[PDB]
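Coming up is one lone chain in structure tokens, specifically the form deposited in one PDB entry.
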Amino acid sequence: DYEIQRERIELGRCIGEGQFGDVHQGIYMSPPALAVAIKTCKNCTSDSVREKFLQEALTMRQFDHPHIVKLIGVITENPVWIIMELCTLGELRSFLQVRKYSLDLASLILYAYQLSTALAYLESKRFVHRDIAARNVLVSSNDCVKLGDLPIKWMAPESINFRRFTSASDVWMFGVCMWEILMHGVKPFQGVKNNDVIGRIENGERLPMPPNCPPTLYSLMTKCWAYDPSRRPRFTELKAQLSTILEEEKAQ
């Protein structure tokens, strides 16, 4: 049972804003003092909203991985709250931007590798994420990121054209996420209209090698962007390859 007694939660400052309401950090005192994130819901006084909001908790409950944000529990009476593990440093994109000149390449590669472990886990669970992007990743510490929870510019051609979503289309999106990370949180296809993306991809064009990105790593990104989904690596292979790239970079 994930129902948490409200008296065990101390609501702290706002740390972000989601689909349903502000998100706060806070403290959960249980059998103590545990930093947590508290997701609120402006309109959960209505059951139709409440049901959708709490669906997030039901989804996250299914997963247990060190690189996926964990559900701690919920409070289902107004005001409805979802209590999640706190990823204290917040959204990855802003994190990468503020630390553009301070995060070493080994750390950026580490973040990609950690994400691939989470994604290989999801693929093994036969779960298709559909929205892999740096905006959906949270930063727990300088050495730990976790997956949170149309984005045409992140989407695989088969997803844009035919609404096909599989672990392979996730791999494509992850390729764009890795590019984002190595670009310090710049979004892909800046200045390009969404409707023009597919045209460039079909032309064979791809996001360019980020400055200072190891060629072996950029090569991995391009493999994620094979047009034919069957030719892309599986996540477990990206995990394996990212491990070696990370180790090589740690070696300097």
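Quick note: we count residues from 1 along the sequence shown, nothing fancier. For the two forms, the rigid core is made up of the largest set of C-alpha atoms that agree within 1.5 Å on superposition.
Below, we refer to the form deposited in another entry, which is not included among the displayed structures.
Where does the C-alpha shift reach 2 Å or more between the shown form and the other one among 49, 209, 220, 201, given a fit on the rigid core? So the residue whose C-alpha moves 2 Å or more is 49.
After core superposition, I'd like to know whether residue 128 moves between the shown form and the other one (criterion: C-alpha shift of 2 angstroms or more). Yes, its C-alpha moves 2 Å or more.
So with the core overlaid, does the Cα of residue 236 end up 2 Å or more away between the shown form and the other one? Comparing forms between the shown form and the other one, the residue 236 CA shifts below 2 Å.
Once you account for a change of 3 Å or more, let me know if residue 135 and residue 230 sit closer or farther in that other deposited form, using their C-alpha atoms. Their C-alpha distance shrinks by at least 3 Å in that other deposited form.
Just to spell it out: taking the C-alpha atom of residue 140 and the C-alpha atom of residue 134, is that distance smaller or larger in that other deposited form than in the structure shown here, given it changes by 3 Å or more? Farther: residue 140 and residue 134 separate by 3 Å or more in that other deposited form.
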